[PDB]
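Presented as structure tokens, the chain that follows is alone, the form deposited without the ligand.
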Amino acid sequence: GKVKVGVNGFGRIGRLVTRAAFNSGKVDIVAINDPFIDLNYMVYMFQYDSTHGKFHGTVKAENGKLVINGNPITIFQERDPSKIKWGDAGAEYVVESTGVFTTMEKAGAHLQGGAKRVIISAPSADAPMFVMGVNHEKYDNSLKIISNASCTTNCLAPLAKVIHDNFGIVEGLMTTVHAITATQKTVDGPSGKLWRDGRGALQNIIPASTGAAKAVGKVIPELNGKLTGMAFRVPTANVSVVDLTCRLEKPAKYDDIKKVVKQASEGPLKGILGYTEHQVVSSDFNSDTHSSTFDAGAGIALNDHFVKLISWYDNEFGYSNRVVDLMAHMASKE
């Protein structure tokens, strides 16, 4: 009884969500909407990927439909989201991934198209936010349109939840060394809003401001007003690492932190929070489905009330898998 899923927008997040859905098999993709991309271009884009390699399967175009592993997918090219006939294709859930419809009113334009529930793959100002393994038990069948927050937030939230539940975080500051994204540009370029983001991505570091640590307090209400930070954008393909410096109420040696993190990674947070002790680097976490992997050897502790923790997280993947897992849990709650 897999739910029917339509995808709005065939960008990096939409293609990776489709790839993760076909690899895991938890949900079924029946419809893809993109107005600027024709069918053969979507075949070429889904077939070849520079970062994650070639697709393991058969993808082609026939009868005006995108056939992936023998499964036909109806293609729409409507710019206005209110005109898309989601109910004609039979799609029950709709993943909004264009990044321009983030408010509840804008994302509610899929409702008159025949869609039941809309999941936004972006942070939202007013839609409820859910992170798998942290607060996903708060979801109700009354929540038609929700949000999966952001990848960084998805990296920070389970580790922060475990550390706050075991030792009581007083306050913390987070720094995330981030890989390059589609919004950056080569050889400098223009960028009215953010002047730093318009510089050349290949030759620079480029500090930036983010609100993921502030969104952690939205996801976990006890940590509201205790977490904030910034980011660096280094020229890496698809690996980012989160660094969290925090102060704790109860004394905690580094071995106790490692023990409780490994214990949480084994049972309750299996598949979400990872644990390792090897001498790993960034490219060892390519195409990893974990939301975050705790690095035991990388972190350092100044004292029992002042520590610093390091976590690896894949930007492209992982989140897509959390979107698929959230849709599966939503279908299970139906």
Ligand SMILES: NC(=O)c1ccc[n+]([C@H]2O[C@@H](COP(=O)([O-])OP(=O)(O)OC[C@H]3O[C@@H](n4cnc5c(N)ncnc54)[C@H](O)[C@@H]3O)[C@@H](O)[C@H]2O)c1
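Note that residue numbering begins at 1 and tracks the sequence as displayed.
Not pictured, yet referred to below: the form solved in complex with the ligand.
The ligand is not drawn, but in the deposited bound form it has a heavy atom within 4.5 Å of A122.
Within 4.5 Å of some heavy atom of the ligand in the deposited bound form lies at least one heavy atom of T98. Taking non-hydrogen atoms only, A20 never approaches the ligand to within 4.5 angstroms in the deposited bound form.
Interface residue remark: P35 is counted as part of the site for the ligand in the deposited bound form, having a heavy atom within 4.5 Å. Note that among 255 to 263, 122 to 130, 162 to 170, 219 to 227, the stretch whose heavy atoms approach the ligand to within 4.5 Å in the deposited bound form is 122 to 130. Counting a residue when any of its non-hydrogen atoms is within 4.5 Å of the ligand in the deposited bound form, the one hit in 166 to 185 is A182.
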